[PDB]
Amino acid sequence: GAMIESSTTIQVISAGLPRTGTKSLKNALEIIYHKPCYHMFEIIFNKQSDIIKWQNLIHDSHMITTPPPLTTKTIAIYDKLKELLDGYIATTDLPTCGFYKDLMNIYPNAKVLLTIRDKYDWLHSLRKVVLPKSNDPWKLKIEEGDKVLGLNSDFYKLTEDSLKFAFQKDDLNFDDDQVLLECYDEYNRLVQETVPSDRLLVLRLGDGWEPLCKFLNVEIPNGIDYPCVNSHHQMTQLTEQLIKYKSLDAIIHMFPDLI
């Protein structure tokens, strides 16, 4: 196809939850658009200063009144969300995904994705990477590796609070598998009930380039396979290597596309 000059603004809002292919989608969107896509890894690697800003935004998010129409308090909140996302062409992952309805208002010409997968595979992946149970010894290795990156309790607070916001819960028993599974199913159901189908594409792990590129009116990137990154096995290796070498920069060349 012809090359066209794309606008550097949010063009794709992905409502999918963590551990549903968000990093592969981030990479895929950057391959298509040649500009950055937001993801938790963007916070970790480039924008740790944004942690407190997302936390403040979630703390105030209860004061959003669902437009239309648009109130003054909502506008203040929307301006800070637009500020956080300046320079990016898409959103994925926590902390953004729970804001999908508000992002649709701010970027009315953006299209919406939902990444989904088997609920038990999701929970297993989540327990291995994001939210190990309190008495799981792996949780201590996770925390040891994360300190190497400069991640502290405020990082974990943002994950917890952005998950609570996505699930619209005032509190959450993070160690309760039944609660998390029900929240996952209800969240994915609600996205599909809220977003007009003309503006939504539901992606399953393995769908690849074709449905995504058709939805976005772009050619399939030639000779580039659809990304497959961020498996829990890979994350386990990264945590262990962070622990062993005590720096990211010592090991970064061993994780090329993930990072």
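Residue positions are given as counts along the sequence shown, with the first one as 1.
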Unresolved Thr65 in a third or more of other entries flanked by modelled residues: yes
Stretch exceeding the other in mean C-alpha B-factor - 155 to 163, 137 to 145: 137 to 145
Between the two ranges 76 to 84 and 125 to 133, the one averaging a larger CA B factor in the entry: 76 to 84
Out of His39, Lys35, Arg199, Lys53, highest CA B-factor residue: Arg199
Highest recorded Cα temperature factor - choice among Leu17, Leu248, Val12, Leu25: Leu248
Where the record places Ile252 (Cα B-factor, split into thirds across the chain): highest
Lowest, middle or highest third - CA B-factor, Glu186: middle
Record-listed C-alpha B factor of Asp176: chain third: middle
Chain-wide C-alpha B factor ranking for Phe215, given as lowest, middle or highest third: lowest
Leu205 by Cα B-factor - lowest, middle or highest third of the modelled chain: middle
